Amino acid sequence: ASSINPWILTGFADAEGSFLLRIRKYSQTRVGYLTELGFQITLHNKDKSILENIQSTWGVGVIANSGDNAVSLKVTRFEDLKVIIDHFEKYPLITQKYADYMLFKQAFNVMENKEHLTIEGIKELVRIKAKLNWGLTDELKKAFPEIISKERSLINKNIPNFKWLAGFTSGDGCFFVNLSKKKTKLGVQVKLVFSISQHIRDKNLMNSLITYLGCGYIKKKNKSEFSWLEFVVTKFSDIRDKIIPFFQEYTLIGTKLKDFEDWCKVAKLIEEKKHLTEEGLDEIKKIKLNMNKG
């Protein structure tokens, strides 16, 4: 395998990767609970390469199928979690996931002292799990009532580097060739779109993208209860003089790099105005088709 730049790896960990803390009822321990702390990243089968290069970069973690179409990288071996702590202490996360890392860091110290084998240590872990990701199940809520959960700090940090954004984009980014039917002679408009999806927790971070990249805007989407944000750039001059030069200097990792490469091919056709012709339009449809089924 090949190494991954640490900042690119952190950025990819802001977009992918989830900390996890298992607190299960268990008959084969005195305290009656089985604990499992770790970190994981789940991608499509086609992107198993990233996991292998991560596994080789950190020298930690195990790979396993995640259903019929996906695979994951899991790090739960306790001694291997030191690498995860060492990496993120030097290359910290900047999304709200950094608050989950801190809770993960606290759980590590409880288990490091072996306090998870006691009833008090478990209670401490439960107070931490209450604020980690999706909190506690009602089964444990009623099991450990009147527990003062730990406080979850609001993360509001600046983008550290451009490499961080390359990794974050590879995880939650998208390079799309928009074909828009138009009641006109040619019939269709071509328009490149660069976007980054993200939960509305990080509205601050998302908004700062406009300031950091000097272009784009924000779009608030809602699916009933749930809402998230999209950082979107469509103005071609910005895509040509900002987005494209940026990601040529700071390589994307995974299958998204292939989409970026075809994306840039369409940008070339557009610079030459070949997107107003007919032969050029067949070319753009071929490139776009190669990005959907590919």
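Numbering starts at 1 and follows the sequence shown.
- Sort the chain's modelled residues by C-alpha temperature factor and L229 lands in the highest third, per the entry.
- In this PDB entry, the Cα temperature factor of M206 sits in the middle third of its chain's modelled residues.
- For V75, the recorded CA B-factor ranks within the lowest third of the chain. Only modelled residues enter the ranking.
- Placement of the Cα temperature factor of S153 within the chain: highest third of the modelled residues, per the deposited record.
- Split the chain's modelled residues into thirds by C-alpha temperature factor. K219 is in the highest one.
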